[PDB]
file final_24.tsv (TSV, N, CA and C atoms)
chain	number	residue	atom	x	y	z
A	3	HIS	N	138.16	88.62	182.62
A	3	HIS	CA	138.30	89.45	183.85
A	3	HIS	C	139.53	90.35	183.81
A	4	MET	N	139.68	91.17	184.84
A	4	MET	CA	140.79	92.09	184.94
A	4	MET	C	141.96	91.43	185.67
A	5	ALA	N	143.15	91.46	185.06
A	5	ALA	CA	144.33	90.88	185.69
A	5	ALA	C	144.66	91.72	186.91
A	6	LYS	N	145.05	91.07	188.00
A	6	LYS	CA	145.38	91.79	189.23
A	6	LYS	C	146.70	92.55	189.16
A	7	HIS	N	147.66	92.01	188.43
A	7	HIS	CA	148.99	92.64	188.33
A	7	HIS	C	149.62	92.52	186.95
A	8	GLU	N	150.58	93.39	186.68
A	8	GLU	CA	151.35	93.33	185.45
A	8	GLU	C	152.53	92.45	185.88
A	9	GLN	N	153.31	91.95	184.93
A	9	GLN	CA	154.46	91.10	185.23
A	9	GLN	C	155.46	91.75	186.19
A	10	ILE	N	155.80	91.04	187.26
A	10	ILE	CA	156.72	91.55	188.27
A	10	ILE	C	158.18	91.19	187.97
A	11	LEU	N	158.40	90.05	187.34
A	11	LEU	CA	159.75	89.62	187.02
A	11	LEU	C	160.37	90.44	185.91
A	12	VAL	N	161.69	90.61	185.98
A	12	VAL	CA	162.45	91.34	184.97
A	12	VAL	C	163.15	90.26	184.15
A	13	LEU	N	162.98	90.31	182.83
A	13	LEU	CA	163.57	89.33	181.94
A	13	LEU	C	164.72	89.90	181.13
A	14	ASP	N	165.76	89.08	180.95
A	14	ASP	CA	166.92	89.47	180.15
A	14	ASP	C	167.36	88.25	179.34
A	15	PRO	N	167.14	88.28	178.01
A	15	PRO	CA	166.53	89.36	177.22
A	15	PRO	C	165.05	89.56	177.50
A	16	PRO	N	164.57	90.80	177.35
A	16	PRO	CA	163.17	91.15	177.60
A	16	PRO	C	162.14	90.76	176.54
A	17	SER	N	162.55	90.66	175.28
A	17	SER	CA	161.58	90.37	174.23
A	17	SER	C	161.93	89.30	173.21
A	18	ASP	N	163.21	89.19	172.85
A	18	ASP	CA	163.59	88.21	171.84
A	18	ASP	C	164.70	87.26	172.26
A	19	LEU	N	164.51	85.98	171.96
A	19	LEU	CA	165.51	84.96	172.25
A	19	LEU	C	166.16	84.63	170.90
A	20	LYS	N	167.44	84.96	170.75
A	20	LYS	CA	168.13	84.71	169.49
A	20	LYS	C	168.99	83.45	169.51
A	21	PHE	N	168.84	82.63	168.48
A	21	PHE	CA	169.62	81.41	168.35
A	21	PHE	C	170.44	81.54	167.07
A	22	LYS	N	171.76	81.50	167.22
A	22	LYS	CA	172.68	81.62	166.09
A	22	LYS	C	173.10	80.26	165.54
A	23	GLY	N	173.01	80.10	164.23
A	23	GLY	CA	173.38	78.84	163.60
A	23	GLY	C	174.88	78.66	163.49
A	24	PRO	N	175.34	77.52	162.94
A	24	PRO	CA	174.54	76.41	162.41
A	24	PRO	C	173.74	75.64	163.45
A	25	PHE	N	172.69	74.97	162.99
A	25	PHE	CA	171.82	74.21	163.87
A	25	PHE	C	172.01	72.70	163.71
A	26	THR	N	173.25	72.30	163.45
A	26	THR	CA	173.58	70.90	163.27
A	26	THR	C	173.66	70.22	164.64
A	27	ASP	N	173.86	71.02	165.67
A	27	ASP	CA	173.91	70.52	167.03
A	27	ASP	C	173.01	71.43	167.86
A	28	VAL	N	172.83	71.08	169.13
A	28	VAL	CA	172.00	71.87	170.04
A	28	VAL	C	172.56	73.28	170.20
A	29	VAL	N	171.70	74.28	170.07
A	29	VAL	CA	172.10	75.68	170.23
A	29	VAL	C	171.36	76.20	171.46
A	30	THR	N	172.10	76.74	172.43
A	30	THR	CA	171.49	77.23	173.66
A	30	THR	C	171.60	78.74	173.85
A	31	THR	N	170.55	79.32	174.41
A	31	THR	CA	170.55	80.75	174.70
A	31	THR	C	169.97	80.87	176.10
A	32	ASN	N	170.46	81.82	176.89
A	32	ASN	CA	169.97	81.95	178.25
A	32	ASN	C	168.92	83.03	178.41
A	33	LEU	N	168.10	82.86	179.43
A	33	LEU	CA	167.05	83.80	179.78
A	33	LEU	C	167.16	84.00	181.28
A	34	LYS	N	167.51	85.21	181.71
A	34	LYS	CA	167.63	85.49	183.14
A	34	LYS	C	166.34	86.10	183.67
A	35	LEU	N	165.89	85.58	184.81
A	35	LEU	CA	164.67	86.07	185.45
A	35	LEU	C	165.04	86.65	186.80
A	36	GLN	N	164.71	87.92	187.01
A	36	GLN	CA	165.03	88.59	188.26
A	36	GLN	C	163.76	89.03	188.97
A	37	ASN	N	163.72	88.85	190.29
A	37	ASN	CA	162.56	89.23	191.10
A	37	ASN	C	162.90	90.44	191.98
A	38	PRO	N	162.45	91.64	191.57
A	38	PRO	CA	162.71	92.87	192.32
A	38	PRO	C	161.75	93.15	193.47
A	39	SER	N	160.74	92.30	193.63
A	39	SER	CA	159.77	92.52	194.70
A	39	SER	C	160.24	91.96	196.03
A	40	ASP	N	159.43	92.17	197.07
A	40	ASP	CA	159.76	91.66	198.39
A	40	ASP	C	158.93	90.42	198.68
A	41	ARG	N	158.33	89.85	197.64
A	41	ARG	CA	157.50	88.65	197.76
A	41	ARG	C	158.08	87.51	196.92
A	42	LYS	N	157.79	86.27	197.30
A	42	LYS	CA	158.27	85.12	196.54
A	42	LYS	C	157.41	85.01	195.29
A	43	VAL	N	158.04	84.69	194.17
A	43	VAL	CA	157.33	84.56	192.91
A	43	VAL	C	157.60	83.22	192.25
A	44	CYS	N	156.53	82.51	191.90
A	44	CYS	CA	156.66	81.21	191.24
A	44	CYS	C	156.57	81.41	189.73
A	45	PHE	N	157.29	80.58	188.97
A	45	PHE	CA	157.28	80.71	187.51
A	45	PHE	C	157.23	79.36	186.79
A	46	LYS	N	156.75	79.41	185.55
A	46	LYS	CA	156.69	78.24	184.69
A	46	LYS	C	157.03	78.75	183.30
A	47	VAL	N	157.87	78.02	182.59
A	47	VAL	CA	158.26	78.42	181.24
A	47	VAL	C	157.57	77.48	180.26
A	48	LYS	N	156.90	78.07	179.28
A	48	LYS	CA	156.19	77.30	178.28
A	48	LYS	C	156.59	77.76	176.88
A	49	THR	N	156.31	76.93	175.89
A	49	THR	CA	156.66	77.22	174.50
A	49	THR	C	155.60	76.71	173.54
A	50	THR	N	155.61	77.23	172.31
A	50	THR	CA	154.66	76.79	171.30
A	50	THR	C	155.19	75.57	170.55
A	51	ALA	N	156.41	75.13	170.86
A	51	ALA	CA	157.00	73.97	170.19
A	51	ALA	C	157.91	73.19	171.14
A	52	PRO	N	157.31	72.54	172.15
A	52	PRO	CA	158.03	71.75	173.16
A	52	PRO	C	159.02	70.71	172.64
A	53	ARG	N	158.69	70.08	171.52
A	53	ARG	CA	159.56	69.05	170.96
A	53	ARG	C	160.86	69.62	170.40
A	54	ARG	N	160.87	70.92	170.10
A	54	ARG	CA	162.06	71.53	169.53
A	54	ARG	C	162.94	72.23	170.56
A	55	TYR	N	162.44	72.32	171.78
A	55	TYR	CA	163.18	72.97	172.85
A	55	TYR	C	163.20	72.21	174.15
A	56	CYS	N	164.28	72.39	174.90
A	56	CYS	CA	164.41	71.79	176.21
A	56	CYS	C	164.73	72.99	177.08
A	57	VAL	N	164.00	73.14	178.18
A	57	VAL	CA	164.18	74.27	179.06
A	57	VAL	C	164.50	73.83	180.48
A	58	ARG	N	165.54	74.42	181.06
A	58	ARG	CA	165.95	74.07	182.42
A	58	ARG	C	166.50	75.26	183.18
A	59	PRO	N	165.89	75.59	184.33
A	59	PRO	CA	164.73	74.89	184.89
A	59	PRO	C	163.50	75.41	184.18
A	60	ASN	N	162.45	74.60	184.10
A	60	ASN	CA	161.23	75.04	183.43
A	60	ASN	C	160.19	75.57	184.42
A	61	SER	N	160.52	75.53	185.70
A	61	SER	CA	159.63	76.03	186.74
A	61	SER	C	160.41	76.17	188.03
A	62	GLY	N	159.90	76.98	188.94
A	62	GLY	CA	160.57	77.18	190.21
A	62	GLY	C	160.03	78.37	190.96
A	63	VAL	N	160.72	78.73	192.03
A	63	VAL	CA	160.34	79.87	192.85
A	63	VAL	C	161.56	80.77	192.96
A	64	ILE	N	161.34	82.07	192.81
A	64	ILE	CA	162.42	83.03	192.89
A	64	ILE	C	162.19	83.88	194.13
A	65	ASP	N	163.15	83.86	195.04
A	65	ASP	CA	163.05	84.63	196.28
A	65	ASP	C	163.20	86.12	196.00
A	66	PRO	N	162.73	86.96	196.94
A	66	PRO	CA	162.84	88.41	196.74
A	66	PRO	C	164.28	88.83	196.44
A	67	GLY	N	164.46	89.61	195.38
A	67	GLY	CA	165.78	90.08	195.01
A	67	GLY	C	166.70	89.07	194.33
A	68	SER	N	166.25	87.83	194.18
A	68	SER	CA	167.09	86.81	193.55
A	68	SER	C	166.95	86.79	192.04
A	69	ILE	N	167.86	86.08	191.39
A	69	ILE	CA	167.85	85.95	189.94
A	69	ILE	C	168.15	84.50	189.57
A	70	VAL	N	167.50	84.02	188.52
A	70	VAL	CA	167.70	82.65	188.06
A	70	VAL	C	167.96	82.62	186.56
A	71	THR	N	168.86	81.74	186.14
A	71	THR	CA	169.19	81.61	184.73
A	71	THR	C	168.51	80.37	184.15
A	72	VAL	N	167.72	80.59	183.10
A	72	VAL	CA	167.01	79.51	182.42
A	72	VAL	C	167.75	79.21	181.12
A	73	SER	N	168.14	77.96	180.93
A	73	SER	CA	168.82	77.56	179.71
A	73	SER	C	167.76	77.08	178.72
A	74	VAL	N	167.75	77.67	177.53
A	74	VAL	CA	166.79	77.29	176.50
A	74	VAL	C	167.60	76.63	175.40
A	75	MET	N	167.39	75.34	175.22
A	75	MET	CA	168.13	74.57	174.23
A	75	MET	C	167.33	74.20	172.99
A	76	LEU	N	167.71	74.77	171.85
A	76	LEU	CA	167.05	74.51	170.58
A	76	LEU	C	167.63	73.22	170.02
A	77	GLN	N	166.77	72.26	169.71
A	77	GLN	CA	167.24	70.99	169.19
A	77	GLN	C	167.75	71.09	167.75
A	78	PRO	N	168.73	70.26	167.39
A	78	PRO	CA	169.27	70.31	166.03
A	78	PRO	C	168.18	70.02	165.00
A	79	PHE	N	168.32	70.62	163.82
A	79	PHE	CA	167.34	70.40	162.76
A	79	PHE	C	167.92	70.79	161.42
A	80	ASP	N	167.37	70.20	160.36
A	80	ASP	CA	167.83	70.50	159.02
A	80	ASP	C	166.97	71.63	158.47
A	81	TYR	N	167.61	72.70	158.03
A	81	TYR	CA	166.89	73.84	157.50
A	81	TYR	C	166.00	73.47	156.32
A	82	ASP	N	164.74	73.89	156.40
A	82	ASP	CA	163.78	73.63	155.33
A	82	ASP	C	163.21	74.97	154.88
A	83	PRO	N	163.61	75.43	153.68
A	83	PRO	CA	163.13	76.71	153.14
A	83	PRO	C	161.61	76.79	153.01
A	84	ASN	N	160.94	75.64	153.09
A	84	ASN	CA	159.49	75.61	152.97
A	84	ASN	C	158.78	75.72	154.32
A	85	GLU	N	159.55	75.76	155.40
A	85	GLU	CA	158.98	75.86	156.73
A	85	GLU	C	158.88	77.31	157.20
A	86	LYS	N	157.79	77.63	157.89
A	86	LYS	CA	157.58	78.97	158.40
A	86	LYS	C	157.31	78.92	159.90
A	87	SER	N	158.37	78.70	160.68
A	87	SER	CA	158.25	78.62	162.12
A	87	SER	C	158.35	79.98	162.80
A	88	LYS	N	157.39	80.26	163.68
A	88	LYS	CA	157.35	81.50	164.43
A	88	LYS	C	157.13	81.10	165.88
A	89	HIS	N	158.12	80.43	166.46
A	89	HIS	CA	158.02	79.96	167.84
A	89	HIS	C	158.00	81.08	168.85
A	90	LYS	N	157.28	80.85	169.94
A	90	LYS	CA	157.19	81.82	171.03
A	90	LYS	C	157.42	81.11	172.36
A	91	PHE	N	157.96	81.84	173.32
A	91	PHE	CA	158.18	81.32	174.66
A	91	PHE	C	157.34	82.16	175.61
A	92	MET	N	156.90	81.55	176.70
A	92	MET	CA	156.09	82.27	177.67
A	92	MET	C	156.61	82.04	179.07
A	93	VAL	N	156.71	83.12	179.83
A	93	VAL	CA	157.12	83.01	181.22
A	93	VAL	C	155.87	83.38	182.00
A	94	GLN	N	155.25	82.39	182.63
A	94	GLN	CA	154.04	82.62	183.41
A	94	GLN	C	154.41	82.67	184.88
A	95	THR	N	153.94	83.70	185.57
A	95	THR	CA	154.30	83.84	186.97
A	95	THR	C	153.12	84.11	187.88
A	96	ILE	N	153.36	83.91	189.17
A	96	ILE	CA	152.32	84.14	190.17
A	96	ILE	C	152.98	84.40	191.51
A	97	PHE	N	152.41	85.32	192.28
A	97	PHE	CA	152.96	85.62	193.60
A	97	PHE	C	152.59	84.47	194.53
A	98	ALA	N	153.53	84.02	195.35
A	98	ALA	CA	153.20	82.95	196.28
A	98	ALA	C	152.52	83.55	197.49
A	99	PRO	N	151.36	83.01	197.90
A	99	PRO	CA	150.70	83.58	199.08
A	99	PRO	C	151.72	83.45	200.22
A	100	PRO	N	151.81	84.46	201.09
A	100	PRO	CA	152.77	84.42	202.20
A	100	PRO	C	152.58	83.29	203.21
A	101	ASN	N	151.36	82.76	203.27
A	101	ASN	CA	151.03	81.69	204.22
A	101	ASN	C	150.76	80.34	203.57
A	102	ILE	N	151.19	80.15	202.32
A	102	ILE	CA	150.97	78.88	201.65
A	102	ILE	C	152.08	77.89	202.05
A	103	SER	N	151.72	76.61	202.20
A	103	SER	CA	152.68	75.60	202.65
A	103	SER	C	153.53	74.86	201.61
A	104	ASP	N	153.20	74.97	200.33
A	104	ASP	CA	153.99	74.31	199.29
A	104	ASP	C	153.73	74.91	197.91
A	105	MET	N	154.72	74.77	197.03
A	105	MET	CA	154.64	75.33	195.68
A	105	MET	C	153.52	74.79	194.81
A	106	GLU	N	153.23	73.49	194.93
A	106	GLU	CA	152.18	72.92	194.12
A	106	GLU	C	150.86	73.61	194.43
A	107	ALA	N	150.62	73.90	195.70
A	107	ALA	CA	149.38	74.55	196.10
A	107	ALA	C	149.24	75.94	195.51
A	108	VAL	N	150.37	76.61	195.24
A	108	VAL	CA	150.30	77.96	194.67
A	108	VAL	C	149.56	77.90	193.34
A	109	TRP	N	149.93	76.95	192.49
A	109	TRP	CA	149.29	76.83	191.19
A	109	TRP	C	147.92	76.16	191.22
A	110	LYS	N	147.74	75.20	192.13
A	110	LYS	CA	146.47	74.49	192.22
A	110	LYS	C	145.31	75.40	192.61
A	111	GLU	N	145.55	76.31	193.54
A	111	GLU	CA	144.52	77.22	194.02
A	111	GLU	C	144.50	78.55	193.26
A	112	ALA	N	145.39	78.70	192.29
A	112	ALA	CA	145.47	79.95	191.53
A	112	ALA	C	144.23	80.27	190.70
A	113	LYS	N	143.92	81.56	190.63
A	113	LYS	CA	142.79	82.05	189.83
A	113	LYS	C	143.43	82.71	188.62
A	114	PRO	N	142.75	82.67	187.46
A	114	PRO	CA	143.25	83.27	186.22
A	114	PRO	C	143.78	84.70	186.36
A	115	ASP	N	143.07	85.52	187.12
A	115	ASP	CA	143.45	86.91	187.32
A	115	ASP	C	144.71	87.11	188.16
A	116	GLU	N	145.24	86.03	188.72
A	116	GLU	CA	146.44	86.13	189.55
A	116	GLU	C	147.69	85.80	188.75
A	117	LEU	N	147.49	85.33	187.52
A	117	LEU	CA	148.61	84.98	186.67
A	117	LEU	C	149.18	86.19	185.93
A	118	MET	N	150.49	86.18	185.71
A	118	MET	CA	151.17	87.25	184.98
A	118	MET	C	151.94	86.54	183.89
A	119	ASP	N	151.84	87.03	182.66
A	119	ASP	CA	152.53	86.39	181.55
A	119	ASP	C	153.43	87.34	180.78
A	120	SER	N	154.52	86.80	180.25
A	120	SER	CA	155.47	87.55	179.44
A	120	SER	C	155.79	86.64	178.26
A	121	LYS	N	155.80	87.20	177.05
A	121	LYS	CA	156.09	86.41	175.86
A	121	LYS	C	157.39	86.86	175.20
A	122	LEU	N	158.11	85.89	174.64
A	122	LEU	CA	159.36	86.15	173.94
A	122	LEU	C	159.28	85.51	172.56
A	123	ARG	N	159.85	86.18	171.57
A	123	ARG	CA	159.85	85.66	170.21
A	123	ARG	C	161.16	84.92	169.97
A	124	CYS	N	161.09	83.75	169.34
A	124	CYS	CA	162.31	83.00	169.04
A	124	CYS	C	162.78	83.39	167.65
A	125	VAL	N	164.04	83.81	167.54
A	125	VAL	CA	164.58	84.20	166.24
A	125	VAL	C	165.76	83.31	165.87
A	126	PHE	N	165.71	82.73	164.67
A	126	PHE	CA	166.79	81.86	164.20
A	126	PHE	C	167.63	82.65	163.20
A	127	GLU	N	168.87	82.94	163.55
A	127	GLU	CA	169.74	83.67	162.65
A	127	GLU	C	170.77	82.73	162.05
A	128	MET	N	170.92	82.79	160.74
A	128	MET	CA	171.89	81.95	160.05
A	128	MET	C	173.30	82.35	160.49
call {"tool": "encode", "arguments": {"input": "final_24.tsv", "output": "structure tokens"}}
result
Amino acid sequence: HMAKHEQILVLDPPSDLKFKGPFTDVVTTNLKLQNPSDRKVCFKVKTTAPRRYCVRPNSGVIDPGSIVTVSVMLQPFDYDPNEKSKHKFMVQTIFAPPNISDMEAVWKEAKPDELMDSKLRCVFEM
């Protein structure tokens, strides 16, 4: 089907999440989400490799004009030249109906065409 809207949230960084080594300990990079609309927007952060990342907060609601900082923590790991990881992060969002009574209901009653997605590439720099 046809998506109802393009992504409303503004992301910083907009496309790539860079993690600088060494990776002997947890390496964290931030992702700021800003809501320029006059409506409340709910979000969920997802990844292609959950075991290698910890995200906080991984979901929430952003009020009109507000901004939230998401901490993305890459878990320590031993570099393997034989590994070819191309991890991606996704910020999935949805407008909260103005008359809805709780956040859980926003996602429970959501239709596919009401979702907005943004993808970020994870880059590991030595």
call {"tool": "residues_around", "arguments": {"input": "final_24.tsv", "residues": "residue 50 in chain A", "least_positions_apart": "6", "cutoff": "7 Å", "atoms": "all atoms listed in the file", "output": "list in words"}}
result
residues 89, 90, 91 and 92 of chain A
call {"tool": "residues_around", "arguments": {"input": "final_24.tsv", "residues": "residue 125 in chain A", "least_positions_apart": "2", "cutoff": "7 Å", "atoms": "all atoms listed in the file", "output": "PyMOL selection string"}}
result
chain A and resi 18-22+89+123+127
call {"tool": "select_by_dssp", "arguments": {"input": "final_24.tsv", "residues": "chain A", "states": "strand (DSSP E or B)", "output": "compact mmCIF listing (two decimals) with N, CA and C atoms, in the coordinates of the input"}}
result
# COMPACT_ATOMS: atom_id res chain seq x y z
N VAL A 12 161.69 90.61 185.98
CA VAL A 12 162.45 91.34 184.97
C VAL A 12 163.15 90.26 184.15
N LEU A 13 162.98 90.31 182.83
CA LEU A 13 163.57 89.33 181.94
C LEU A 13 164.72 89.90 181.13
N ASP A 14 165.76 89.08 180.95
CA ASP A 14 166.92 89.47 180.15
C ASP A 14 167.36 88.25 179.34
N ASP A 18 163.21 89.19 172.85
CA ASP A 18 163.59 88.21 171.84
C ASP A 18 164.70 87.26 172.26
N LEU A 19 164.51 85.98 171.96
CA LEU A 19 165.51 84.96 172.25
C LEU A 19 166.16 84.63 170.90
N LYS A 20 167.44 84.96 170.75
CA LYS A 20 168.13 84.71 169.49
C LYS A 20 168.99 83.45 169.51
N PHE A 21 168.84 82.63 168.48
CA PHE A 21 169.62 81.41 168.35
C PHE A 21 170.44 81.54 167.07
N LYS A 22 171.76 81.50 167.22
CA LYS A 22 172.68 81.62 166.09
C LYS A 22 173.10 80.26 165.54
N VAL A 29 171.70 74.28 170.07
CA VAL A 29 172.10 75.68 170.23
C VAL A 29 171.36 76.20 171.46
N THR A 30 172.10 76.74 172.43
CA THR A 30 171.49 77.23 173.66
C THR A 30 171.60 78.74 173.85
N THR A 31 170.55 79.32 174.41
CA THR A 31 170.55 80.75 174.70
C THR A 31 169.97 80.87 176.10
N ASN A 32 170.46 81.82 176.89
CA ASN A 32 169.97 81.95 178.25
C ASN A 32 168.92 83.03 178.41
N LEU A 33 168.10 82.86 179.43
CA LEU A 33 167.05 83.80 179.78
C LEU A 33 167.16 84.00 181.28
N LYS A 34 167.51 85.21 181.71
CA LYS A 34 167.63 85.49 183.14
C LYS A 34 166.34 86.10 183.67
N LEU A 35 165.89 85.58 184.81
CA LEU A 35 164.67 86.07 185.45
C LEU A 35 165.04 86.65 186.80
N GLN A 36 164.71 87.92 187.01
CA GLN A 36 165.03 88.59 188.26
C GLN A 36 163.76 89.03 188.97
N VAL A 43 158.04 84.69 194.17
CA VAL A 43 157.33 84.56 192.91
C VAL A 43 157.60 83.22 192.25
N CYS A 44 156.53 82.51 191.90
CA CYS A 44 156.66 81.21 191.24
C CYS A 44 156.57 81.41 189.73
N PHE A 45 157.29 80.58 188.97
CA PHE A 45 157.28 80.71 187.51
C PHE A 45 157.23 79.36 186.79
N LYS A 46 156.75 79.41 185.55
CA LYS A 46 156.69 78.24 184.69
C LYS A 46 157.03 78.75 183.30
N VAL A 47 157.87 78.02 182.59
CA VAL A 47 158.26 78.42 181.24
C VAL A 47 157.57 77.48 180.26
N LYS A 48 156.90 78.07 179.28
CA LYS A 48 156.19 77.30 178.28
C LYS A 48 156.59 77.76 176.88
N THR A 49 156.31 76.93 175.89
CA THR A 49 156.66 77.22 174.50
C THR A 49 155.60 76.71 173.54
N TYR A 55 162.44 72.32 171.78
CA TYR A 55 163.18 72.97 172.85
C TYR A 55 163.20 72.21 174.15
N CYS A 56 164.28 72.39 174.90
CA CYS A 56 164.41 71.79 176.21
C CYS A 56 164.73 72.99 177.08
N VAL A 57 164.00 73.14 178.18
CA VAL A 57 164.18 74.27 179.06
C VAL A 57 164.50 73.83 180.48
N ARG A 58 165.54 74.42 181.06
CA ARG A 58 165.95 74.07 182.42
C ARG A 58 166.50 75.26 183.18
N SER A 61 160.52 75.53 185.70
CA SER A 61 159.63 76.03 186.74
C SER A 61 160.41 76.17 188.03
N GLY A 62 159.90 76.98 188.94
CA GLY A 62 160.57 77.18 190.21
C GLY A 62 160.03 78.37 190.96
N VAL A 63 160.72 78.73 192.03
CA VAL A 63 160.34 79.87 192.85
C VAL A 63 161.56 80.77 192.96
N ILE A 64 161.34 82.07 192.81
CA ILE A 64 162.42 83.03 192.89
C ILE A 64 162.19 83.88 194.13
N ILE A 69 167.86 86.08 191.39
CA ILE A 69 167.85 85.95 189.94
C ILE A 69 168.15 84.50 189.57
N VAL A 70 167.50 84.02 188.52
CA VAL A 70 167.70 82.65 188.06
C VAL A 70 167.96 82.62 186.56
N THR A 71 168.86 81.74 186.14
CA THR A 71 169.19 81.61 184.73
C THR A 71 168.51 80.37 184.15
N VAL A 72 167.72 80.59 183.10
CA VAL A 72 167.01 79.51 182.42
C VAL A 72 167.75 79.21 181.12
N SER A 73 168.14 77.96 180.93
CA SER A 73 168.82 77.56 179.71
C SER A 73 167.76 77.08 178.72
N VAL A 74 167.75 77.67 177.53
CA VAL A 74 166.79 77.29 176.50
C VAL A 74 167.60 76.63 175.40
N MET A 75 167.39 75.34 175.22
CA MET A 75 168.13 74.57 174.23
C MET A 75 167.33 74.20 172.99
N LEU A 76 167.71 74.77 171.85
CA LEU A 76 167.05 74.51 170.58
C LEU A 76 167.63 73.22 170.02
N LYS A 90 157.28 80.85 169.94
CA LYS A 90 157.19 81.82 171.03
C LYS A 90 157.42 81.11 172.36
N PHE A 91 157.96 81.84 173.32
CA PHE A 91 158.18 81.32 174.66
C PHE A 91 157.34 82.16 175.61
N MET A 92 156.90 81.55 176.70
CA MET A 92 156.09 82.27 177.67
C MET A 92 156.61 82.04 179.07
N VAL A 93 156.71 83.12 179.83
CA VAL A 93 157.12 83.01 181.22
C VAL A 93 155.87 83.38 182.00
N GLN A 94 155.25 82.39 182.63
CA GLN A 94 154.04 82.62 183.41
C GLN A 94 154.41 82.67 184.88
N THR A 95 153.94 83.70 185.57
CA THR A 95 154.30 83.84 186.97
C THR A 95 153.12 84.11 187.88
N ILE A 96 153.36 83.91 189.17
CA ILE A 96 152.32 84.14 190.17
C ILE A 96 152.98 84.40 191.51
N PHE A 97 152.41 85.32 192.28
CA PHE A 97 152.96 85.62 193.60
C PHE A 97 152.59 84.47 194.53
N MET A 118 150.49 86.18 185.71
CA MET A 118 151.17 87.25 184.98
C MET A 118 151.94 86.54 183.89
N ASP A 119 151.84 87.03 182.66
CA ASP A 119 152.53 86.39 181.55
C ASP A 119 153.43 87.34 180.78
N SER A 120 154.52 86.80 180.25
CA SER A 120 155.47 87.55 179.44
C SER A 120 155.79 86.64 178.26
N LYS A 121 155.80 87.20 177.05
CA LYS A 121 156.09 86.41 175.86
C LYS A 121 157.39 86.86 175.20
N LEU A 122 158.11 85.89 174.64
CA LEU A 122 159.36 86.15 173.94
C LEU A 122 159.28 85.51 172.56
N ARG A 123 159.85 86.18 171.57
CA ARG A 123 159.85 85.66 170.21
C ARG A 123 161.16 84.92 169.97
N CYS A 124 161.09 83.75 169.34
CA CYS A 124 162.31 83.00 169.04
C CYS A 124 162.78 83.39 167.65
N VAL A 125 164.04 83.81 167.54
CA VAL A 125 164.58 84.20 166.24
C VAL A 125 165.76 83.31 165.87
N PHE A 126 165.71 82.73 164.67
CA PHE A 126 166.79 81.86 164.20
C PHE A 126 167.63 82.65 163.20
N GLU A 127 168.87 82.94 163.55
CA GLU A 127 169.74 83.67 162.65
C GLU A 127 170.77 82.73 162.05
call {"tool": "atom_distance", "arguments": {"input": "final_24.tsv", "atom1": "CA of residue 49 in chain A", "atom2": "CA of residue 76 in chain A"}}
result
11.4 Å
call {"tool": "residues_around", "arguments": {"input": "final_24.tsv", "residues": "range 105-114 of chain A", "least_positions_apart": "5", "cutoff": "8 Å", "atoms": "only N, CA and C atoms", "output": "list in words"}}
result
residues 3, 4, 5, 6, 44, 62, 63, 96, 97, 98 and 99 of chain A
call {"tool": "residues_around", "arguments": {"input": "final_24.tsv", "residues": "residue 77 in chain A", "least_positions_apart": "6", "cutoff": "7 Å", "atoms": "all atoms listed in the file", "output": "VMD selection string"}}
result
chain A and resid 25 to 29 53 to 56
call {"tool": "closest_residue", "arguments": {"input": "final_24.tsv", "among": "A:85, A:73, A:79, A:15", "to": "residue 30 in chain A", "atoms": "only N, CA and C atoms"}}
result
A:73
call {"tool": "residues_around", "arguments": {"input": "final_24.tsv", "residues": "residue 120 in chain A", "least_positions_apart": "6", "cutoff": "8 Å", "atoms": "all atoms listed in the file", "output": "number ranges by chain"}}
result
A: 9, 16-17, 91-95
call {"tool": "atom_distance", "arguments": {"input": "final_24.tsv", "atom1": "CA of residue 41 in chain A", "atom2": "CA of residue 118 in chain A"}}
result
14.3 Å
call {"tool": "residues_near_point", "arguments": {"input": "final_24.tsv", "point": "(164.6, 88.4, 196.1)", "cutoff": "9 Å", "atoms": "only C-alpha atoms", "output": "PyMOL selection string"}}
result
chain A and resi 36-43+64-69
call {"tool": "atom_distance", "arguments": {"input": "final_24.tsv", "atom1": "atom C of residue 10 in chain A", "atom2": "atom N of residue 45 in chain A"}}
result
10.7 Å
call {"tool": "closest_residue", "arguments": {"input": "final_24.tsv", "among": "A:46, A:7, A:51, A:23", "to": "residue 115 in chain A", "atoms": "all atoms listed in the file"}}
result
A:7
